[PDB]
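One protein chain, two forms: both are listed below as structure tokens, the first as structure 1 and the second as structure 2.
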Structure 1
């Protein structure tokens, strides 16, 4: 029930507003003289969606192969008393064994971090057994809403991963893999 809400409020309150735009984000950045012909930024927002853990804020400390590159242009909007709502995203370079596969506008779905916090907040009453179905149904609902919303289904790709045990998991390869897919 909780994850359901957050997925709807993430789409309606954020994606539903910035997915129809943001094409010029990677248009101006890739054609900037200080990076002209140095990787063309991809046409979509790659959302990192962990499934077992709380979302980290810094990508460098999470995966060494992940490296902060730069920040793309900012935006504006009339949002609940904010006639100029600034939207900003940060570009990252996927460096797999020194070899940089590429760079794209990247960010984690923030509502996923909030539904993890809820489990260690005894007032919210969210339990760790439900947690699994929560983070999962947040990605599921975000995939399901993106299906019924074709104007949002494109312009964004979802990167979900489950790494509970050790299998040299790398959240950096998942991205490079998803970019080459289509």
Structure 2
């Protein structure tokens, strides 16, 4: 209840996920009802790279930006997940911002924080966030956490493994 990763998971929920998820299904449903290659899935897919290697802003060639999810100010992007050149799925995808902070804390002396500490805190953040989202009222059936560690790796396949299984 006092760790670095506990503070970050509660902040990401309090200051962002609790304010965006109550209206996320309505925005996806509106875009699906109004427009149409494939229906956009009803959940927010949050990428959780355990190595905390999050691009500055956001990101594989098989993950093509399709459009922005409009409001009923949050810019949420819809991506087309490709396989063999053709679209295999489509969803609102984004990186878990607090993993950038865990990476920065490991790079700056002022924090200390080793590479082993960062990897342990990243899994702890993922666990704490999972536990928050399981019991949170504003996050019932519209959020899926995608945690993974790169060792042949495809980010599009990791998201497709979760989209097909739902």
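Heads up, when I say rigid core I mean the largest set of C-alphas that superpose within 1.5 Å between the two forms. Residue numbers count along the first chain shown, from 1.
A movement of the C-alpha atom of residue 28 reaching 2 angstroms or beyond is seen between structure 1 and structure 2 when the two forms are aligned on their rigid core. For residue 115, the CA shift between structure 1 and structure 2 after superposing the rigid core equals 1.1 Å. When the rigid core is fitted, residue 44 shows a C-alpha shift of 0.8 Å between structure 1 and structure 2.
Here the two forms are laid over each other by their core, and the C-alpha of residue 99 is off by 2.5 Å between structure 1 and structure 2.
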